[PDB]
Every structure is written in structure tokens, then in C-alpha cells.
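For reference, the chains in residue letters:
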Amino acid sequence: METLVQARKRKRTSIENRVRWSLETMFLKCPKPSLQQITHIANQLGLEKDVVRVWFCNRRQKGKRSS
């Protein structure tokens, strides 16, 4: 109960499963998200730029170049 080292995916203190896919709808509006918009993305879900970059890495290669 009072432990913080056994999450399921990563964390839920400031990254609800809906917050991550909330980022998704914000990135599927334009294919040109500025790194400045990435700063507003962090303040948008209180996460670290490191988890927002790895999270957008998959959002970048979901199926644009399948071979």
C-alpha cells in the first residue's frame, strides 16, 4: 500500500492511462509539433520530457513505414 516500486506500466501519480492517450489526440492534429509544444506537453501531463519523448517515439512509428 505504501510502496512506490511495483507499478504496472510506469506510473500513475501524474500519468493516467487517459493522459498518455490525451497526448495522442494532441499530436494527431498536425504532423509538425514544435519542441516548444513539447514543453507545453509536459506541463500538459506533469511528466518528464524523457517519458514524453519515448512515449511519442511509438506515436511516431505506429505504422507510417511498415515493410
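What counts, and where the lines are drawn
Residues numbered from 1 in each chain as written, not as in the entry; some residues may be left out. Heavy atoms only, no water. Axes fitted to C-alpha atoms, helices over the stretch in contact; angles between N-to-C directions. Helix = DSSP H or I, 4+ residues; strand = E, 2+ residues; numbered from the N terminus. Parallel < 35°, antiparallel > 145°, perpendicular 65-115°, else oblique. Left-handed = near helix turned anticlockwise from the far one by under 90°. Contact = heavy atoms within 4.5 Å. Nonpolar A, V, L, I, M, F, W, Y, C, P; charged D, E, K, R; others polar. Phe/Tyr/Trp six-rings, centres within 6.5 Å; stacked < 30°, edge-to-face > 60°. Buried < 20%, exposed > 50% of the residue type's maximum accessible area, 1.4 Å probe, protein only. Arc of directions from axis to C-beta.

- By the method listed in its record, solution NMR, this PDB entry was determined.

1. Details of the packing of helix α1 (residues 17-27) against helix α3 (residues 49-60)
Logical step 1: For the pair α1 and α3, the least separation of the axes is 11 Å and the interaxial angle reads 60 degrees. Relative to α3, the element α1 is oriented oblique. The crossing of α1 and α3 is right-handed. Counting all contacts with α1, which are made through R20, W21, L23, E24 and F27, the residues of α3 involved are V51, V52, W55, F56, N58 and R59.
Logical step 2: Of the residues belonging to the contact of α1 with α3, the class tally is 7 nonpolar, 1 polar and 3 charged.

2. Quick word on the packing of aromatic side chains
Logical step 1: The final tally for this structure, using the stated rule, is 4 aromatic pairs.
Logical step 2: Seen in terms of ring centroids, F27 and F56 are 3.8 Å apart; in terms of plane orientation they differ by 35 degrees. Their pairing is tilted. Here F27 is found in helix α1, whereas its partner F56 is found in helix α3, with 29 residues between them in sequence.
Logical step 3: Judged by relative accessible area, which is 5%, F27 ranks as buried.
Logical step 4: Grouped by ring-pair contacts, the aromatic residues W21, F27, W55 and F56 constitute a single cluster.

3. Some words on helix α2 (residues 35-45)
Logical step 1: Buried within α2 we find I41, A42 and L45. End-on, the buried residues of α2 take up no more than an arc of 100 degrees, which puts them together on one face. Among the exposed residues of α2, those oriented more than 90 degrees off its buried face are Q36, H40 and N43.
Logical step 2: Those residues of α2 hidden inside the fold are in contact with α1 and α3.
Logical step 3: Remark: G46 follows α2 within two positions and exhibits a positive phi of approximately 40 degrees.

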